[PDB]
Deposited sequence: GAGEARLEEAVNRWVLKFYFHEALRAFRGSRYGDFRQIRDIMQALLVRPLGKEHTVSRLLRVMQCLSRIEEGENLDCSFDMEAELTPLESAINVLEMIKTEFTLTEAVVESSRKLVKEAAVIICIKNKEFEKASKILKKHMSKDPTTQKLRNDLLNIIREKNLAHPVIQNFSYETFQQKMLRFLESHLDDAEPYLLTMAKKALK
């Protein structure tokens, strides 16, 4: 009973510091804090609803933060494909409309294809474009990305102008908007102690 409470305090504090690190573009720190949170997941945390929301947001951010490492897997799927799955889960569990998550779904799918193209993984880019963009977005963009792949044209403006920093900061901005504002109890007590 006591350990659960502290465990949640600890998870929530490190969630707060992970966001702070992600928001400051300190991804090395983000990953170190992520690994601490990962190790916490095997300990009792109380009712699953008390932590489900922050954990979904942290899952999505963790997959986005690894989005450029195609030598990395969260599902036996490239990291940005995994993030798409988590985004769907967030839509359902957070009781969001399709319209509210549409522009974010669009950013992640476009990022998933563009990263494959940037690493010259044209076959992976093609399979991702067919799996996630066939049944959602516009035919001209599909056609543009297809032709970029067929021609291996990394010089195309869609590729050249893509910024992964901007992409993941936009993703953090959307994900954060669905979180409560309470400052973590541990951080409060640390301010009072110092």
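Unmodelled regions (deposited sequence positions with no C-alpha coordinates, counted from 1) are 1-5, 82-84, 145, 204.
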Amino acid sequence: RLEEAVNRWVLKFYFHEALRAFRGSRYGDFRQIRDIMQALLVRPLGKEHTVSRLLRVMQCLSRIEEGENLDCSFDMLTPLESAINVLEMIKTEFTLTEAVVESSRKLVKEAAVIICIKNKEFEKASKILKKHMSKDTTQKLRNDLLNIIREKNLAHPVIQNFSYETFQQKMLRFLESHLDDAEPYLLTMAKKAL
From here on, numbers count along this sequence of modelled residues.
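Here the rigid core means the biggest group of C-alpha atoms that line up within 1.5 Å when the two forms are laid on top of each other.
When the other structures are laid on the shown form by the rigid core, the stretch among 153-161 and 39-47 with the greater C-alpha deviation in 7 other deposited structures of this protein turns out to be 153-161. In terms of root mean square C-alpha deviation after superposing on the rigid core in 7 other deposited structures of this protein, the stretch standing farther out between 18-26 and 177-185 is 177-185. As the entry records it, the average C-alpha temperature factor is higher for 41-49, out of 57-65 and 41-49. Checked against the record, the higher mean CA B factor of 26-34 and 147-155 lies with 147-155. Out of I115, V108, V86, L77, the entry records its largest CA B-factor for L77. When the Cα B-factors of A18, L186, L175, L11 are read from the PDB record, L186 comes out highest. Looking at the C-alpha B-factors along this chain, the one for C72 belongs to the highest third. Among the modelled residues of its chain, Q169 has a C-alpha B-factor that falls in the lowest third, as given in the PDB entry. When the CA B factors of the chain's modelled residues are split into thirds, the value for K130 lands in the highest one.
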